[PDB]
């Protein structure tokens, strides 16, 4: 049964990253008192454990049901959503201006961490909505905010992002949905959008589609794309679901997992829409909706490692099979618990290193998001903004990739039993698999990080982070407790920058290099980020243990996980380095027609 990691969320927020100081230093956070944060975490935890976690298996077994009239969600989904609404969770991290509580985004993200762990398919309904707000908030006219945002902040209305068509997913410049301008200055949108998460459902009073379309004589490619508000129901005089717009769901997908989230073919038959933001600047505006959900999807990766660990640790202490290699440890039982086996511990510690490591990186990133939304200092916003732009793609691709690995360790620990539906471990793997495909594929994210962010800033995007690491190795070089962490961390911090330079050099001779190195580089970057977060959690752990503490075992575990990370996981860097220095030719020399001559 899902148990929220509140003690670990507090370790990371309060002790490692000084979230009380951060909230004190920052406009809006006077109502975000330590005691109020703790009560909101504990309220969040209870909803996640008692209301949505028990629906997770229901959602997988039932999925959603299509008919011409609309889409039924699994038993208990909408009734949990009504309770989510009535608790005012939707309004937590939105402007007091448009009906919100004004608490920071980073406190919103802690609630999303627990929602995603408990029931990801259910959490996507509120999750997508949270983004369309961030879109309306950043680019909507005051009247658009008054009509649409107020309703999303209350949760009475839900939001989607409608980009994808059959022929285009990464290549949005090829999109072909049309916005035809009308005398009254509104548009009629004609097109078929596919894979639309939460496109049709029975959870809310209305749905607000944020749709990418093209104006009749716009330029080709991205520079021809505009953003439209297309609600399922056009508002009435009081602002409530009014006239039924010509938006309908023609079908939902049969998928490997995330069955409880309706994945919809949305047909727009000259549906009334309103332009939001400048004509042909839709891609620019949509990237508010996208970088929310990039960090929101990095959260999915964290959730799959956490669920995989919760299951693994429980089964490894309860399942008896075979005996310890150093003699029977439970001779009064017919077998030893499987935790006594070194490989089961390797699998448990892998999931633990990834869950706790990525939790640190995620709430480090979330502090940057708060700064960009609320700081007055433009030096401090701009340094936060460049840090988000470096960490966003790393977090999304790296946390999902190792989250899916972590989910598979969970299954492996159960042996055969892991393949069987009733234990929920195999559902975790199935739900994890989409996280590396949507919200920018691993490959597209890697290309974004290395080409657009790092190589296009001639390495400056990396320097923000390698600065913090270099300052840690200097302040802690002669700290005896983390000597063993600082040495290889300093070495890796150097190599990180060296590799960045060698790849820029290779790329100057052959552009194919940016692609050839990209995923290897992003994965290396991910292990290097977590090397720093584990060296720092180890530093904090050693500080607390030397000062005496009610929780000896808590901090000794942090040191033991850090050492596992450095000695057993971080050396995967060696293969990422070798592959990325090998050059583009070993990928590009084979002719397309020569890949499958063995038939």
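Numbering follows the first chain given and starts at 1.
Higher average CA B factor: 169-177, of the stretches 397-405 and 169-177. As listed in the deposited structure, the average C-alpha B-factor of 523-531 and of 182-190 is greater for 182-190. Per the deposited coordinates, the residue with the largest Cα temperature factor out of 357, 418, 140, 301 is 140. Highest C-alpha temperature factor among 221, 312, 123, 334, as the PDB entry reports it: 221. For residue 431, the recorded CA temperature factor ranks within the lowest third of the chain's modelled residues. Residue 50 sits in the middle third of its chain by CA B factor, as recorded in the PDB entry. Ranked by C-alpha B-factor against the other modelled residues of its chain, residue 289 falls in the highest third.
Among the modelled residues of the chain, residue 253 sits in the lowest third by CA temperature factor in this PDB entry. The entry lists a Cα temperature factor for residue 216 that places it in the highest third of the chain's modelled residues.
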